[PDB]
């Protein structure tokens, strides 16, 4: 599938992603440097932060208890649609997923 990423400035990048890649993995492996991801996809930092598009949130499995507490330690304050991009797993149904990246991760 394919994920759309949007920078603070509003510009877009379409990145390939296989089924099963996290959104972070997909980002890092196709040139999206802004996603710092200190812990390397290991669900223990708040630095792979993203905002899921208002319309795509519903299609994702819910945030768990761990991701939820991680999210209130973000560098840019959490929004309703905030997610940890290493905790988003890509599936056919997310082909087209839109993610916007915060002003900062650290």
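Positions refer to the first chain, counted from 1.
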Mean Cα B-factor check, 78 to 86 vs 92 to 100, entry values; winner is 92 to 100
Check the entry's C-alpha temperature factors for 44 to 52 and 57 to 65, then say which stretch has the higher mean. 57 to 65
Compared with the other modelled residues in the chain, in which third is the CA B-factor of residue 26? middle
Going by the entry, which third of its chain does the Cα temperature factor of residue 35 land in? middle
